[PDB]
4 protein chains.
Amino acid sequence: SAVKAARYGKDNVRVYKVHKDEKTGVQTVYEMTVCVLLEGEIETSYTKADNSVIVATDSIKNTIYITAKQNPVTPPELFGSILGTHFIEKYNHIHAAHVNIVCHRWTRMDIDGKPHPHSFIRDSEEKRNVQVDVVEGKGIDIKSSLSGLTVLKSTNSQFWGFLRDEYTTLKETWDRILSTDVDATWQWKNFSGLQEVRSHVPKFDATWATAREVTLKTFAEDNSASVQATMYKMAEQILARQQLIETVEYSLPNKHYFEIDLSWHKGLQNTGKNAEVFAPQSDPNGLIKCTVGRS
Amino acid sequence: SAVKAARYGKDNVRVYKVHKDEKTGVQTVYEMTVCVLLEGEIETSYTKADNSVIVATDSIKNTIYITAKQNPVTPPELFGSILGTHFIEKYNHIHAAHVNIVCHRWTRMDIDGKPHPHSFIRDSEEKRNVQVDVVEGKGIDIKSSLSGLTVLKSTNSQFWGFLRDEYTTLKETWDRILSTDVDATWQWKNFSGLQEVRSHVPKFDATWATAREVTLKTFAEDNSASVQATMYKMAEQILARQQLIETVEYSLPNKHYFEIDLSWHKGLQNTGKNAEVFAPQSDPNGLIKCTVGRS
Amino acid sequence: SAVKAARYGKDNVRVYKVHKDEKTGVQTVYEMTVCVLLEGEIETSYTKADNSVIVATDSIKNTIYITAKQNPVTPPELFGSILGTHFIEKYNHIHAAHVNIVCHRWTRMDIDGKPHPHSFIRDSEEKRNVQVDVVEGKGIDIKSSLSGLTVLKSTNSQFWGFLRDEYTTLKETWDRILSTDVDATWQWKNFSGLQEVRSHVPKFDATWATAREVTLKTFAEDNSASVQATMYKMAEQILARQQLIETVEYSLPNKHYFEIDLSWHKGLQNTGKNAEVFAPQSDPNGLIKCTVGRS
Amino acid sequence: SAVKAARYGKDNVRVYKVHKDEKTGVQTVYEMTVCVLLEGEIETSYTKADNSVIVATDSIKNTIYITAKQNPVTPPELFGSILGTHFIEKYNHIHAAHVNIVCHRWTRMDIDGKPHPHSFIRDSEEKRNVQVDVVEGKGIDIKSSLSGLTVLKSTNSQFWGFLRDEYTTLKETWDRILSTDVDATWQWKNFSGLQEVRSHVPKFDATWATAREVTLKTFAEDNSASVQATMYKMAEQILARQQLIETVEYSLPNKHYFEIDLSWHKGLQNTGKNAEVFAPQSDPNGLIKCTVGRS
Ligand SMILES: O=c1[nH]c(=O)c2nn[nH]c2[nH]1
Ligand SMILES: O=c1[nH]c(=O)c2nn[nH]c2[nH]1
Ligand SMILES: O=c1[nH]c(=O)c2nn[nH]c2[nH]1
Ligand SMILES: O=c1[nH]c(=O)c2nn[nH]c2[nH]1
Ligand SMILES: [Kr]
Ligand SMILES: [Kr]
Ligand SMILES: [Kr]
Ligand SMILES: [Kr]
Ligand SMILES: [Kr]
Ligand SMILES: [Kr]
Ligand SMILES: [Kr]
Ligand SMILES: [Kr]
Ligand code: NA
Ligand code: NA
Ligand code: NA
Ligand code: NA
């Protein structure tokens, strides 16, 4: 046999960091979950019980904490790039570092209409994520995303004109509920190394803000022909707004809300124009995916 | 043997309702998960295979949908009271209905600074709940709550002066992180029936808003001596603000954030005044509970 | 205001223990999750920032580990009794200790038909639990349970003869699927203290084994008239087999499996006697509860 | 912009099927969760609101049920191949079908030492899965796996000889706990179509049984130098036992169990040879991955 691929490291590393402005008293918090997996000249750890090539996962954990103490943890694209660059530079035999970061929301509280200096709320389970692949001699590949952004519109969604054959029961509709959990990813141009990442730092927060704003506005305003058509509009607008993005990917469940025919009970009218009460369906769910790039 | 207690019904009934103002075009959505369990002269269904006393759980489900079509679903205290009253009035042999409702957030989106007429975001996993126990001849007992309200403050929490003996390792602290998931319950005066509930309807939304506001402000502003001391302040203020509440209950995890001593690595200082990077602990967690009533 | 009830402590304490027979080489493992909440003369911690009455939750955690090192962790009824007795004896002002234990399965592997001395499998997510309430001057109240025991029978379940009115759509059936997650609790006679618990130690494992055996056999063999009727048979048999049990409680979801009418497609027959393919329903679910005691 | 990749379909389709031997009375059950995502000449559904190219996800759901009624659902590799072949054959413009199946355990109960004809237990949360990619003109690519197989050994695991530098705190050990959740995947030789899959049908159940047996025996018997070394032994043995497998992949968390130093309390000895009570760590966790192929 032989090792065809191998990577290893530490997953599920929870990290908090606080910044304290000792002049204003304003504190700012950051919380993430980090995974770092390494690749390199490590096959003998698998084939010959050769632990000498292993940077222990415990040491990778220590390194995450140390790196967070010594550097900014925001934007996550930068932190992940710093962290991944450390492992390929420090260890000659390590040739790739794959850094995944999930950023958790801690939004400053407003108390009596004033932002509080040191109190925060988890205002959504929505995450901001990065995948940063630092590959020796091949630069830094970053995928940024938002996920867990759960939305619903109560009208201005349609679905008609689809293929109809002997497997089809679905009725056409000109007015339905549309709800999803948005998972949106933007793939950056390859960066040559950490200097190039640092040169673009403001673009990371700005492009996440653009992606989120476009997602929400297009969802709210598009009189949707399908999930497919609406998500494509989101992607095209994000590409138009940031030239350093190569592709935008969406992965969207269609979280169905079924009408409930109540006409069997006292002639109650609860379908079509009279539909008020619906049954949210936990499963199954449509799942619609697109990757959009330039033409 | 004999049946000492019995209740049965339908759990996990997902319900959506929309309101459409056909004059303004503004739509408003409501989503909940409902459980209804009944009690009464039902023991023979258990002891003698006598299904004649069973209102089928499927029929209880149907009834939840029908009741949502025929009545307001807000405030949940009212909906639950309507629903529970239906079962004890409709069925002579049913003597109690226990209605639990979890309300899911669908907050109207603001698009370009204007509230959108029909688009919503799940802006938090925080729930608003009710437990409505409708007991024939004994009125309606309501417990209202908020849950899943996750908060953190980065300073202005202390914990010193606790008992120290041979089981104690914990260091006293005058400056720590405090984070919790708030579960706060207010117990209403017994209501004699549905008329009395309806007579107090505006108090339900107002008291939930008070409970939430007091929770957030007291958490943010109290230089906390302990979870115990802070939560008591919340409860006392809520009781002072609504005379129709008899008790307030809090159940709070202390979601610990541990300092990380990095002095083994290059003398890095990350404890005490220099603490910036922390390890959030998933488990174990302190769990602190109080029920507060009038003196 | 005043404190009407209060309890506090440490939840979600994960504990492993190994026993090593250094003569045979056979190792045996135990894994649990423990919660200990204390009550007593603690109100001033809530009302006056008086931490002197607080046995820190961190110290409660330490105590759980220490107690596991110094005593058997099995049966859980005994461990919980030891642990709870410690807090009310050690601390004059602590008057109750509420100990919850969830026991996780680690079943010894059989390798080439021989039990392995030190390798284990999590052979089910089924738990064995205890709730041990140690109350100074009032002894030790134990509730034992099994939970998460998920079963299905493909026939020999019926449901007919239930109440039919204008809310009813459910068809009677003489042959359906029945599936549930068993939560079964047996409540012991009050014990006067730890000596009395210890005097009954073999009964704990024997009664858990009886409860499990009766559950499985009655589920498998009863041509069920309803969940209600079948669960009552389980409870009555357990009471008949252990006189030191006062009550048995079951809480059972009816995890519905719906027929799928396929007659719209090529006349396919998939209902009634021809039903082969079903749609498991995630929600809603019936929920049926009984507490059975002696007559 | 332009569509670079697109796939869509129905996820989370729960399916049960029963087989009834009407001669012996023995019933056998199967339960799965299915996802089917299609690719093909579908870009205009995204770019031009052209729903004519969409086989509705609802219709894909119907098709899963119909296919389960008309064909065996076991082995899952065969069912998935049938299902995926249907979509690329039925629809000229659909060129790939990606079928994921998770198989849930329903193990026949033994009652009084005899297998019961129609009662089953979910004896583990362990899954058997397939990923079947049916690509028009490119055959059928199958990845089979087992997942959620949770194991622990209490000794005969070591970890020493790893890289030690200024980031390292981990102590070498010659005797530790090892616990993981096994995710093991075997990748089949490409099949030309459904006939070739059918020609190998017995190999699917046999190779899953081999993979599971080798996993358990190697875990139990290897005096492990590392997760890396042990998992490689598993993979090499599986490749040696089935020539129609090209690669074996393992993904293994190292679910850490930490010693607890209790020497601060009464000199209690709970480390090294005296270690009995451990703290299972929920997070972080090592994560170790290998893909092994022939040399
Ligand atoms: O927007 C939708 N897209 C689809 O592909 C689909 N299929 N059924 N319903 C659907 N809704
Ligand atoms: O606020 C707190 N309350 C307690 O009871 C406690 N125990 N350890 N830490 C604690 N923090
Ligand atoms: O066993 C059952 N019990 C019930 O109470 C019920 N109601 N609907 N179906 C049911 N099945
Ligand atoms: O088996 C192990 N492999 C590793 O790579 C490792 N790192 N820390 N501990 C470890 N244990
Ligand atoms: Kr962080
Ligand atoms: Kr969308
Ligand atoms: Kr609702
Ligand atoms: Kr608090
Ligand atoms: Kr244990
Ligand atoms: Kr049952
Ligand atoms: Kr199935
Ligand atoms: Kr392993
Ligand atoms: Na390198
Ligand atoms: Na009644
Ligand atoms: Na005491
Ligand atoms: Na085709």
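Whatever order the structure lists them in is the order used to number ligands and atoms, beginning at 1. Letters A, B, ... are given to chains in the order of the sequence lines, protein chains preceding strands, and every chain is numbered from 1.
Considering all non-hydrogen atoms of both residues, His118(C) and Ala220(D) come closest at NE2-O, 4.1 Å.
Of all the heavy atoms of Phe162(C), none lies under 4.0 Å from any atom of ligand 3, so neither backbone nor side chain is involved. With a heavy-atom cut-off of 4.0 Å, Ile54(B) touches ligand 3 through its side chain alone.
For residues 162-178 of chain C, the set of pairs meeting the salt bridge (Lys or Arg N to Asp or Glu O under 4.0 Å) definition, not counting sequence neighbours, comprises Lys90(B)-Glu166(C).
Ligand 3 places these atoms under 4.0 Å from at least one heavy atom of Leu170(C): 8 (N), 9 (N). Each of the following atoms of ligand 3 lies closer than 4.0 Å to a heavy atom of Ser226(C): 1 (O). Against a heavy-atom cut-off of under 4.0 Å, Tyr8(B) is close to the following atoms of ligand 3: 5 (O). Per-residue contacts place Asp58(B) under 4.0 angstrom from the following atoms of ligand 3 (heavy atoms of the residue considered): 8 (N).
By the 30° and 60° cut-offs, the orientation of the rings of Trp160(C) relative to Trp174(C) is parallel. Classified by interplanar angle (parallel below 30°, tilted 30° to 60°, perpendicular above 60°), the ring pair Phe162(C)/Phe159(C) is parallel.
Residue-to-ligand polar distances place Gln228(C) within reach of ligand 3: an N/O pair is separated by less than 3.5 Å. Below 3.5 Å of separation, one finds no N or O of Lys10(B) facing any N or O of ligand 3. Taking any N or O of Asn254(C), backbone or side chain, at least one lies under 3.5 Å from an N or O belonging to ligand 3. Considering backbone and side-chain N/O atoms, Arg176(C) comes within less than 3.5 Å of an N/O atom of ligand 3.
Taken to the nearest 0.5 Å, the NE2 atom of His86(B) stands 5.0 Å off from the OH atom of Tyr91(B).
At a 4.0 Å cut-off, not a single heavy atom of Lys61(B) sits close enough to ligand 3 to count as contact.
Under the salt bridge (charged side-chain N to carboxylate O under 4.0 Å, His left out) criterion, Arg7(A) pairs with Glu39(A), sequence neighbours left out.
Counting protein heavy atoms only, atom 10 (C) of ligand 3 is closest to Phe159(C) CE2, 3.3 Å. The nearest heavy-atom contact from the protein to atom 7 (N) of ligand 3 is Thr57(B) N, 2.8 Å.
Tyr46(B) has its ring centre no less than 6.0 Å from the ring centre of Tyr232(C).
Side-chain contact of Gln27(C) with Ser154(D): a donor-acceptor pair under 3.5 Å is present, judged by distance alone.
When side chains are defined from C-beta on, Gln281(D) does not count as touching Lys255(D), because their heavy atoms never get closer than 4.5 Å.
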